[PDB]
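Only one chain is shown below, in structure tokens, and it's the form deposited in one PDB entry.
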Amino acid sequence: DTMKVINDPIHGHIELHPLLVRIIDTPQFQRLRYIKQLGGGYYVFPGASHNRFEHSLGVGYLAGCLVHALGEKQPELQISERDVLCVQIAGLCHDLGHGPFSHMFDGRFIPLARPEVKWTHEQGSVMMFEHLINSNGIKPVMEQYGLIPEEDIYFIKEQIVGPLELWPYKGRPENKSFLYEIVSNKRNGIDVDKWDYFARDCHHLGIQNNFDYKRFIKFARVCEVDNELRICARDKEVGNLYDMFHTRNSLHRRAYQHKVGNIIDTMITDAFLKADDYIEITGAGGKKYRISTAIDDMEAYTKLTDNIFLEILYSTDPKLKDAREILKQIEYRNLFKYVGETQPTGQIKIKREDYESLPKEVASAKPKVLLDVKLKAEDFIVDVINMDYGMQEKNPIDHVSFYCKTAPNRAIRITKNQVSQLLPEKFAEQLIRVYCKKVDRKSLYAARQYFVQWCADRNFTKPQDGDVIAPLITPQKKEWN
């Protein structure tokens, strides 16, 4: 067995270690070829046809690059080729648990289809990685290349999902704590996963990337913080670090939370919900599963990809008529109409408990205008969007450690006061989008009146087009003055 060279448009010519190849060339991994990275985003950005597969190769490659560089500069860290492999494997396998249309699946569909469960793609990756290992006889191949399967398998899973439960990790000790920061960084969100998707999503979307990951690597060291050896950034790179998160927020703002992309995700989810009772997926021992229950059997889940969208679209079964008809509305570009957007004021926070109650509120607003139609709760969609720097209210830079030129082994902290007064004052906010399922001109005009009135009643921000969409409603609120 020898290495393969593979050409990636983002990273160029990459070397794949035979062990990685062996993992790659399985039904469980190849599955990621059939799941779009940005889900419904492709229906708004025609370049975004890329799949989780190629992203996963990139993460695996970057993970190895970062670990290798840290090792070359600091042999005292005792990074072995075994460690490198383990980090590469976790990089490759971090996304094994994604379902159809990626985040649509665990973000929208599963919570609606099966509210009793708690499911994340990351948990799925653990289960799928286990399934991949056992079904393909990977352990002996691991041993052949110097890995210790029981330790390292556990290590790999920890890197993907976090602690499986004081130093909470078992796969590696405190003096290799930095190995847990590479693929998925739970402490501050600085990891190679972002680095790949920034570059790859940008290449495909037609938006240019502004973050330089290679610079970051050159300015990265490992320093003692408490009893852990941790990744530290050069002090004067703090500005570039804030920009990294700004880039993340810009991508979510422009692309990942696109108002129409979100509506397409919603519509696809609706179709899936209406198909869920009637579609059968065969899993372990011939047992049958639904779209919503395929997550319980990794054999069935292996066969659950974006294909499901087309199985529904091409179906003839009269019981799939409702599902099929929603997908056809997507093809004819007869989508739910966007009504507007607003935000909470001050420190008001919309709780997820209450998301379900918001369409009723909008429908219950009493705009003092002449209308030709009355709209019901079910005619409205209210999509609440949490935009943040990856750690809710928190500033990630408060959880980053730095080093100075004069003392490169000494970890320090940098506070927000010490950086720049032009930075954000807060690190989380909510965006509220409202849509209407009734698409004619009269319903849309009405929806707008209900919406702006709702905004006024709730003391939400004045919609940007408020004076134009609801001129009779906006004077009423002099806070909007």
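Note that residue numbering begins at 1 and tracks the sequence as displayed. Note that the rigid core is defined as the largest set of C-alphas that superpose within 1.5 Å between two forms.
Quick note: we don't show the form deposited in another entry, though the next part is all about it.
Novice: Report the residue, chosen from 128, 263, 362, 222, for which the CA moves 2 Å or more between the shown form and the other one after the rigid core is overlaid.
Specialist: Once the cores are aligned, the residue moving by 2 Å or more is 362.
Novice: Answer yes if the Cα of residue 441 shifts by 2 angstroms or more between the shown form and the other one on a rigid-core superposition, and no otherwise.
Specialist: After core superposition, the displacement of the residue 441 C-alpha between the shown form and the other one reaches the 2 Å mark, so yes.
Novice: Relative to the superposed rigid core, does residue 202 relocate between the shown form and the other one - that is, does its Cα move 2 Å or more?
Specialist: Residue 202: C-alpha displaced by less than 2 Å between the shown form and the other one.
Novice: Could you check whether the CA atom of residue 63 moves 2 Å or more between the shown form and the other one, using the rigid core for the fit?
Specialist: No.
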